[PDB]
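Working notes, beginning with the structure itself.
Each answer follows from the model by the rule given with it, or from the source it names; these are not laboratory values. All Cβ positions, even for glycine, are placed from backbone atoms using ideal geometry, and neighbour counts span all protein chains on display.
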Amino acid sequence: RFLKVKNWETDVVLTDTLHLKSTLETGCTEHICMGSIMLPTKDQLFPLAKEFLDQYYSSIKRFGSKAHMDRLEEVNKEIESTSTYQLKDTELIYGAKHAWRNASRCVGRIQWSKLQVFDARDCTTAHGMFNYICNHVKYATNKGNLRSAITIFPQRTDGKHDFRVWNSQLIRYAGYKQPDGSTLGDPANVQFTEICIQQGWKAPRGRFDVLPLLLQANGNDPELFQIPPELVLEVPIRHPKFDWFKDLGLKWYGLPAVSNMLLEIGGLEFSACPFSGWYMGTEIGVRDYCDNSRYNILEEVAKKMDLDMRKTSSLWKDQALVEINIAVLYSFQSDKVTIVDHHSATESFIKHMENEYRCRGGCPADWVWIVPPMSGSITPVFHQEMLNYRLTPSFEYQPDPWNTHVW
Amino acid sequence: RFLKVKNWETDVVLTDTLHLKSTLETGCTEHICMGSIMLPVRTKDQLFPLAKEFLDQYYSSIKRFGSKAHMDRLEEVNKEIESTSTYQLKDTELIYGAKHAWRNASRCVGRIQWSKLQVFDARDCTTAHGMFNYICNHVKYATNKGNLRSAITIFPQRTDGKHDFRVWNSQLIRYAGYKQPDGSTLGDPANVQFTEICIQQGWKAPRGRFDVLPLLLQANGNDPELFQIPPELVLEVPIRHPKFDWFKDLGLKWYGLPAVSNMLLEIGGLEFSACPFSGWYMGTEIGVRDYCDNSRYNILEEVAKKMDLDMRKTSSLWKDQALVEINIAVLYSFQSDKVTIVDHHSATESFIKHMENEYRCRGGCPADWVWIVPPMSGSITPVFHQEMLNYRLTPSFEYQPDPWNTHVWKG
Ligand code: HEM
Ligand code: HEM
Ligand SMILES: Cc1cc(N)nc(C[C@H]2CNC[C@H]2OCCNCC(F)(F)c2cccc(F)c2)c1
Ligand SMILES: Cc1cc(N)nc(C[C@H]2CNC[C@H]2OCCNCC(F)(F)c2cccc(F)c2)c1
Ligand SMILES: C[C@H](O)[C@H](O)[C@H]1CNc2nc(N)[nH]c(=O)c2N1
Ligand SMILES: C[C@H](O)[C@H](O)[C@H]1CNc2nc(N)[nH]c(=O)c2N1
Ligand SMILES: [Zn+2]
């Protein structure tokens with residue numbers, strides 16, 4: 001019932017009790033671990049509402065106060081009559097911060113309590129959504145001094161009136177299948193790009209075309225909007241030693257902003273809740289640039305470095321990998337766009353785990369995602385045992401909307 | 001029931017049925033995943049079903065399930081258990097059992113090799129001197145002058161838990177560690193405690209940075225005894241770098257033969273508490289973990305200094321840069337001395353092919369992603385993108401507590 005996690009580099013042992021408050025299922029059993037699998041009514045709503053309000057009122061040190069019992073009877077009355085309920089601003093803010101706090105796959109959670117919440121629950125149309133989104137982008141970007149933000153659109157009602165951002169991130173590049181048989185741009189985005197073109201988009205057909213937003217309000221058909229280019233901060237990628245690096249034609253955007261998840265607070269479901277922070281360098285330099293099914297640039301870079309590509313054991317892939325990632329961090333730092341390296345992020349996350357163990361009795365964490373995709377064991381998180389469990393409020397995955405939308 | 005795993009790079013989807021034969025528990029539940037936790041005297045009653053399950057598997061593997069030979073073997077084992085409380089494996093069953101413990105080792109990336117394993121039967125061994133001799137022979141056979149061959153030596157099984165054979169070393173070959181009065185460590189800090197035990201037992205320590213430890217060997221539950229492996233049997237590689245001539249002057253070397261000696265082999269309910277096995281190294285084990293862990297030789301600073309890297313900011317990636325050069329050096333050195341080694345690209349690619357074959361021929365392949373993914377350059381190896389299912393099959397290799405913690409000293 002009390003569980004220990006050990007750090008094998010430092011011998012520090014922490015005790016987890018927070019897991020007992022865990023509610024949802026991991027996908028594992030006593031017979032099988034699914035730790036590396038990517039995706040493992042009024043009667044339902046009231047326990048959910050109650051559990052959330054109990055944790056909310058405890059956090060403000062007013063558990064079992066009149067204010068507490070009053071809010072419970074009020075929501076109870078509201079659910080019993082209207083089948084849903086509305087969160088107070090204070091509850092919404094608390095719920096959003098905590099869904100981030102509980103995000104077991106997020107290495108950047110030391111920042112959890114510094115999150116600007118934009119309440120967009122009064123939004124009714126796709127143009128409205130676009131206005132809210134541009135304002136989030138500009139606020140978060142802050143001319144390169146990035147600030148964490150979330151914008152929260154109206155909650156699910158009967159499920160036929162969902163608000164959704166169709167994009168997976170607010171800012172991503174287009175992907176095009178070619179007569180050649182190769183892919184131009186980002187291969188991850190081929191299908192979404194096609195959906196955009198078929199809905200009317202004027203694709204430039206370049207390597208790095210910022211995708212239009214495709215916004216769905218009130219369960220209506222989604223609409224296209226082009227984010228003002230002056231609000232999309234981009235970084236030209238150069239290397240501090242290799243003058244040729246710039247000729248590769250590489251750039252990335254400054255603002256990572258996940259826009260396809262579901263925020264669940266007190267049993268209420270917010271199907272459109274784009275959120276953003278700032279990058280850890282490896283996301284761009286390891287995953288975006290070097291994944292084989294992504295920009296897949298290792299071959300090109302190694303060739304420019306004139307490495308021996310004849311045998312895997314020369315570690316040419318590894319060598320070029322480091323260089324690419326050096327370039328990403330240098331370019332961002334030189335243009336004064338907030339970025340964190342994997343060393344510094346993982347060190348902060350260990351500090352955050354310790355604070356969470358001390359102040360909350362634990363920190364749910366998914367080792368498979370926390371450990372960076374390069375140089376695993378030379379970061380402290382590699383040697384840190386982590387317990388993975390699901391707490392609410394939460395961010396959840398949801399089916400891509402085109403699979404489900406009735407046109 | 002069917003479980004699917006996907007590769008997110010290739011979109012190859014596989015179906016696991018083998019997890020249905022899985023017995024033991026993972027440590028995980030529906031409410032918690034303990035996938036990153038390092039560590040999450042039987043009865044006749046419990047023994048015959050374990051024997052039976054094993055023998056059914058063995059006899060199916062040879063296409064003789066339900067044969068007279070199969071039935072007679074079940075009867076003979078059943079009778080042996082009721083009469084003596086235990087039983088003895090036939091040579092053939094031992095070999096099969098040891099091969100399958102390796103096949104089932106979900107944390108091992110090298111399992112493509114599982115069916116090529118030399119099994120040395122040391123169940124007639126009675127003394128620590130006998131153990132030493134068996135172990136010298138395994139080391140010489142496995143080393144094979146650099147052309148490494150996988151082997152396991154199997155000492156007598158547990159009886160009452162009071163007469164255990166144990167090898168006290170965690171690996172047959174490892175370097176001593178020495179805690180200094182000023183708090184620094186000379187040699188391998190991982191082996192400080194074991195080194196102290198060796199010294200107490202009477203080892204004369206050379207007190208250098210790479211002193212091969214003696215074997216400390218326990219036969220039949222007796223107090224363990226010290227033996228020096230003949231140095232001519234211990235193949236070592238001095239580490240140099242193909243382009244950087246100053247690399248040799250760090251004075252690094254490592255041994256060629258990785259040989260785990262502290263695990264317990266379970267076959268059909270029998271427990272082999274001393275079963276040293278060896279294969280060959282994947283480069284990163286040395287270049288990343290042994291050399292670069294903060295709690296090990298910790299050479300990153302000194303290497304990056306000599307490379308004149310910008311060390312004032314982590315964001316220069318000086319650590320990542322020196323790390324790659326160190327690992328190039330290890331691979332170069334072994335290859336130049338014709339000592340078998342595999343790089344992490346080649347090893348992981350081979351593992352994926354092994355895994356897919358296993359799904360097709362066996363209905364699954366239990367695999368622990370946390371351990372399978374190499375400790376550098378994770379996502380440019382194909383295993384990073386491979387979903388895996390971790391579950392426990394027998395025969396198996398298991399951890400056991402260090403023996404100095406449990407041993408009853410006789411004097
Ligand atoms: C402030 C800087 C932040 C950093 C450096 C950071 C870091 C990261 C990284 C590296 C990942 C893994 C992503 C991947 O590999 O695809 C991640 C995942 C995630 N983060 Fe953060 N994060 C930050 C801010 C935020 C914010 C503001 C939120 C929400 C309010 C958030 C919630 C999440 C969630 C839910 C995931 C899992 C996403 C998924 O499952 O695909 N993070 N974080
Ligand atoms: C033939 C070449 C082999 C290679 C390249 C190889 C590779 C590896 C590696 C890299 C690990 C993880 C080591 C660590 O991080 O401590 C490992 C673990 C393991 N391997 Fe192998 N292996 C080989 C042969 C063998 C053999 C012959 C056996 C037994 C017959 C074996 C059984 C195991 C077991 C039981 C583990 C988990 C050890 C633990 O939990 O500490 N492997 N293997
Ligand atoms: C807010 C924030 C800050 C930050 N630094 N980084 C982020 C993650 C973003 C950026 N860089 C990757 C992207 O993360 C979004 C991608 N998440 C995983 C997936 F959606 F691709 C996915 C696909 C299929 C199955 C599955 F389980 C998950 C968010
Ligand atoms: C046979 C074989 C071949 C090969 N290439 N490699 C090997 C593993 C060896 C070599 N290189 C590392 C070492 O493995 C032994 C170190 N593993 C970790 C541990 F087992 F010691 C351990 C520590 C703490 C808790 C726990 F549960 C386990 C064996
Ligand atoms: C199969 C495996 O679960 C999958 O490749 C995961 C591994 N770890 C990850 N870690 C992060 N941070 N992001 C990812 O997309 C993944 N992919
Ligand atoms: C806490 C964590 O599980 C621990 O550091 C593991 C991670 N992965 C590993 N993987 C391998 N191959 N060897 C190890 O020792 C470890 N250590
Ligand atoms: Zn699990």
Check whether at least one residue in the range B:2-20 is away from ligand 3 (no atom under 16 Å from the Cβ), within 30 Å of B:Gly161 (Cα to Cα) and surrounded by fewer than 16 Cβ atoms within 10 Å (Cβ to Cβ), and report yes or no.
no
Might you check whether a residue that is in the same structural domain as B:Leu55 (by CATH), farther than 20 Å from B:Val260 by Cα and away from ligand 1 (no atom under 16 Å from the Cβ) occurs anywhere in the range B:92-99? yes
Taking the range A:298-313 and keeping residues surrounded by fewer than 20 Cβ atoms within 10 Å (Cβ to Cβ) and either within 24 Å of the chain's Cα centre (by Cα) or facing chain B (nearest Cβ under 7 Å) (or both) leaves A:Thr312
Given the conditions (1) among the charged types (D, E, K, R); (2) in contact with a strand residue (DSSP E or B) (Cβ under 8 Å, 6 or more places away or on another chain); (3) at the interface with another protein chain (Cβ under 9 Å from one of its Cβ atoms), every one holds for A:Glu91 apart from (3)
Among A:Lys202, A:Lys114, A:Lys177, the single one that is away from ligand 2 (no atom under 16 Å from the Cβ) and assigned by CATH to the domain that holds A:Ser59 is A:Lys114
Just one listed residue, out of B:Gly27, B:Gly35, is touching a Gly at 6+ places or on another chain (Cβ under 6 Å), assigned by CATH to the domain that holds B:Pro366 and under 18 Å from B:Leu393 (Cα atoms), and it is B:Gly35
*Kindly check whether there is at least one residue in the range B:263-279 that is within 14 Å of chain A (Cβ to nearest Cβ), crowded, with 16+ Cβ neighbours inside 10 Å and within 16 Å of ligand 6 (Cβ to nearest atom).*
no
Going through (1) more than 14 Å from ligand 7 (Cβ to nearest atom); (2) of a type in the set (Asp, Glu); (3) under 25 Å from the mean Cα position of the chain (by Cα) one by one, B:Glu25 fails only at (1)
Is one or more of the residues making up the range A:383-397 within 16 Å of ligand 5 (Cβ to nearest atom) and assigned to a helix (DSSP H, G or I)? no
Reported set for the range A:48-71 where residues are touching a helix residue (DSSP H, G or I) at 6+ places or on another chain (Cβ under 6 Å) and either of a type in the set (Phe, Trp, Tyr) or over 27 Å from A:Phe275 (Cβ atoms) (or both) is A:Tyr56, A:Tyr57, A:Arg62, A:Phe63, A:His68
Checked against (1) within 16 Å of the chain's Cα centre (by Cα); (2) at the interface with another protein chain (Cβ under 10 Å from one of its Cβ atoms), B:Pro401 satisfies every condition except (2)
Of those in the range B:334-380 that are under 22 Å from B:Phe247 (Cβ atoms) and over 23 Å from the mean Cα position of the chain (by Cα), the residue farthest from the other protein chains (Cβ to nearest Cβ) is B:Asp337
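Let's see how each residue does on (1) surrounded by 22 or more Cβ atoms within 10 Å (Cβ to Cβ); (2) of a type in the set (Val, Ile, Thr); (3) within 30 Å of A:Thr193 (Cα to Cα); (4) not assigned by CATH to the domain that holds A:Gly219:
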residue: A:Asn355; (1), (2), (3), (4): no, no, no, yes
residue: A:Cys359; (1), (2), (3), (4): no, no, no, yes
residue: A:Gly362; (1), (2), (3), (4): yes, no, no, yes
residue: A:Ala365; (1), (2), (3), (4): yes, no, no, yes
residue: A:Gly376; (1), (2), (3), (4): yes, no, no, yes
residue: A:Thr379; (1), (2), (3), (4): yes, yes, no, yes
residue: A:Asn388; (1), (2), (3), (4): yes, no, no, yes
residue: A:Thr392; (1), (2), (3), (4): no, yes, no, yes
residue: A:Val406; (1), (2), (3), (4): no, yes, yes, yes
Residue hits (the range A:394-404; within 15 Å of ligand 1 (Cβ to nearest atom) and either crowded, with 16+ Cβ neighbours inside 10 Å or among the polar types (S, T, N, Q) (or both)) are A:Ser394, A:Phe395, A:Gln398
Scanning the range A:19-42 for residues that are within 11 Å of chain B (Cβ to nearest Cβ) and either assigned to a helix (DSSP H, G or I) or closer than 30 Å to A:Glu80 by Cβ (or both) gives A:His19, A:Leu20, A:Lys21, A:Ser22, A:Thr23, A:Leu24, A:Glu25
Apart from one, (1) in a loop (DSSP other than H, G, I, E, B); (2) farther than 24 Å from B:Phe384 by Cβ all hold for A:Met374; the odd one out is (2)
The lone condition B:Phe247 fails out of (1) outside the structural domain of B:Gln335 (by CATH); (2) touching a helix residue (DSSP H, G or I) at 6+ places or on another chain (Cβ under 8 Å) is (1)
Pairs returned, first residue in the range B:21-38 that is under 30 Å from B:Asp56 (Cβ atoms) and among the small types (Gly, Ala, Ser), second residue that is within 13 Å of ligand 4 (Cβ to nearest atom) and part of a loop (DSSP other than H, G, I, E, B), beta-carbon separation under 7 angstrom, 6 or more apart or interchain, are B:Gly27/B:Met34; B:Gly27/B:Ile37; B:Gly27/B:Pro40
Checklist entry - Within the range A:43-61, is even one residue within 8 Å of another protein chain (Cβ to nearest Cβ) and either surrounded by fewer than 18 Cβ atoms within 10 Å (Cβ to Cβ) or not in a helix (DSSP H, G or I) (or both)? => result no
